[PDB]
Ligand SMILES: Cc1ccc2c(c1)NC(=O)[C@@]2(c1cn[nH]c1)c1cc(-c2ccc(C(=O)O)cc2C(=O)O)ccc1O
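Form solved without the named molecule, single chain, as structure tokens, below.
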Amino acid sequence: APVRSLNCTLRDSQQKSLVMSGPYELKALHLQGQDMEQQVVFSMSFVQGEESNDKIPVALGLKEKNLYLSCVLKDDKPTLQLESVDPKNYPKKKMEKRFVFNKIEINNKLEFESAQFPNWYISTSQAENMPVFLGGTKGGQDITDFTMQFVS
């Protein structure tokens, strides 16, 4: 039938929120109070792909926008971008692989592994107001763990 989706926000494990600074830019910063209205709301779709008890394939679109997180090669490294799509055709159950993330439950948080690029994860920096990016380890100094808030 039709792909199922949920509206949500994400916070990294240092409790930074995500905000849209540009058509193709997401940043992470500490936020509280009225300024939380600035956070990005995602539509998380539950898409086709390999699934296990703790690992579920999803796509992450911006709520009511034809923009999705996707993973592509840039300068011979997996990179994260926002990509526009035809709004008549998305979301769909069979999302192209570059749009798919394995949502992994680990230690009461979530990680988002690229389905296209194994062991590359949606990441944030510890510094304030830096771009979200794809980080090719869950060990060192990038933040790869998140919590989800489910939104009306």
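Only the largest set of C-alpha atoms that superpose within 1.5 Å between the two forms is called the rigid core. All residue numbers are counted from 1 along the displayed sequence. Only residues modelled in both forms are compared.
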Can you tell me which stretch has the higher mean Cα B-factor, 49 to 57 or 117 to 125? 49 to 57
I need to verify one thing: averaged over C-alpha atoms only, is the B-factor higher for 4 to 12 or for 141 to 149? 141 to 149
Name the residue from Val100, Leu26, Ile106, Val41 with the greatest C-alpha temperature factor listed in the entry. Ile106
Could you say which of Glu37, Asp86, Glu83, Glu111 has its CA atom at the highest B factor, as listed in the PDB entry? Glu37
Where the record places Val19 (Cα B-factor, split into thirds across the chain): middle
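The form solved in complex with the named molecule is left out here; the points below concern that form.
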Just superimpose the C-alphas near the binding site, carry the named molecule over as positioned in the entry with it bound, and say whether the shown chain is open or blocked by the 2.4 Å backbone or C-beta rule (3+ atoms for blocked). blocked
Please tell me whether the candidate spot formed by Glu50, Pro57 and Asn102 is one where all three residues come within 4.5 Å of the named molecule in the entry with it bound (heavy atoms). yes
Would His30 sit within 4.5 Å of the named molecule in the entry with it bound, counting heavy atoms only? no
Non-hydrogen atom contact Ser45 with the named molecule in the entry with it bound at 4.5 angstroms: yes
With the two forms fitted on the rigid core, I'd like to know which residue in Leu110, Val47, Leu67, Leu26 is displaced by 2 angstroms or more at its CA between the shown form and the other one. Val47
Once you account for a change of 3 Å or more, let me know if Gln48 and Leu6 sit closer or farther in the entry with it bound, using their C-alpha atoms. closer
Inter-Cα distance between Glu50 and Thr79 in the entry with it bound, nearer or further [3 Å or more]: farther
Shared-residue segments moving between the shown form and the other one, Cα shift 2 Å or more over 3+ consecutive positions, core-fitted: 1 to 3, 47 to 53
